[PDB]
Structure formats: structure tokens, C-alpha cells
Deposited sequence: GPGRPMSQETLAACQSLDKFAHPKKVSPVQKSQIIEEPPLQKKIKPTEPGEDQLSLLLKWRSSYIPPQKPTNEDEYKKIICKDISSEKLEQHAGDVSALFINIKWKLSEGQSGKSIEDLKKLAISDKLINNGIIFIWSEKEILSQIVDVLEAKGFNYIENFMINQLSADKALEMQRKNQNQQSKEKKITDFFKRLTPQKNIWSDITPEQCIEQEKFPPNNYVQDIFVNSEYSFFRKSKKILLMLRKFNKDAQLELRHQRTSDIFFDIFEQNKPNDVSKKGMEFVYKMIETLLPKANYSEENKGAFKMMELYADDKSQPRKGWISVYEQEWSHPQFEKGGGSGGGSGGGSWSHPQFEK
């Protein structure tokens, strides 16, 4: 309110704690395994024995969706020269949830936990603020800065989707464990809540911001402490992400798989 403390700013206090690190330039911690097509790329040939799989896949909700459908998940190959004791972190929806978990349990991974992101629209925030009353600002600079509109009732601020059911405001990330025998998994858990509110953009909700992806990455990193860099991840890193982009993916201790056009 007056001292700049509302419902919105009380739930958006984590944003100032996390700041994106610079691009590593050591040629010791980023692995460039760029191939033409992942479904046409033979996996488990350069990597090995990873413990955190990230699949940043844009799901094909319908025919008009410009993403990758579940048939590209059917053709995925995961074996013992790949994630064996680890955890998959894959973006999931509601329409294809049953098929996603059913086809993942056909590979050995079973569901363990949920971690979603409550979408708060910056456009709705500024529109509500200007209705109550802070102009000439598109939500892009509101994302890039911390100058957020005040809001004590946040249930009005959520994004307006176009679902033919209960409206959609959800970015659930599915976690799937790959229990193995005679190899315990070292975890440092309970360090992060399954829900954090994050600010999104209107008519473009299919992406998390730099700070939100940082939150997810640090969540994975503190969850599994032996997969990040302790003097031994020389080439054979214990964390790998699939699909990627030139935005936030090259990480110290992370194999990055790209998708050539």
C-alpha cells in the first residue's frame, strides 16, 4: 500500500533474491550437443548416468499449436547409458496428463511430486491499477523491472485463458523418479515450496521469465546436491536439459541439447 507492501509484493519478494548469472565461458561446464532433430538424434551416446533430466518441451495442445506432440515423446530413447537413478522434470498439461504419465511409466519413471507456477498477469495488474486511479508502460518493462502495481486482492489478477472448461492458469512441472537398485539417491529436499507466484505476459503465457526459470533451476540444484559441480563433473556432467534455447540453458554442470532448424 503506502510503504509499497501489498498482497502482490508480499508474494513477489523472492524475485529480488534470485539474479541470473553470467554466461559461463570456461569450456568445462557447458556441453554443446546440438543435433538436427532429437527424435532423429541417437541419445545415450555422449552423456551418461545423469540424475536430473529436464525436458523443456512445448506441448501440442491442438492442431494449431506450434509445439511438439506426444508422438515425439513416444520416439524418445532412455536407457542405462542415460538417466538411471535420476528424476525427469517435464512440462505437463491437463488434456494430455494421463497419456504423459502413462507413457512415462512405460519407461520406468513414475510420478512423485508437483511444482506449478501461479500466473499473475502484469497487464491485468496495470489495468486494475489504472481503473482504481502509472501509464505508458507495457508489461515488458514491468517484467524487466520490479515496479509492480499494488494489489491486495490477487485472485482477480490471474490470466484469462480460452479453455472450453474451467479456465487455465497453470504451469505445472511434473517430476518423475527412476528408482534403481543398489544406488541411493543423495537429495537435499524440502528446501522449496511447490508453488511460487510469478508474473507473466498477456496473450503470451507459454514461457517462464528469466527469474522463474532461475527459481526452477536452483530448485533442481538444491534438490540434488551431488549433481552440481563438486570438483568432479569434468565432461561427464550429472545434469542434462533437452531442447533448450539461447536464453537460460547453458549452465555450470548442465548438458544442453539443442534443436537445429
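Missing residue ranges, deposited sequence indexing starting at 1
Residues lacking C-alpha coordinates: 1-46, 180-201, 330-357.
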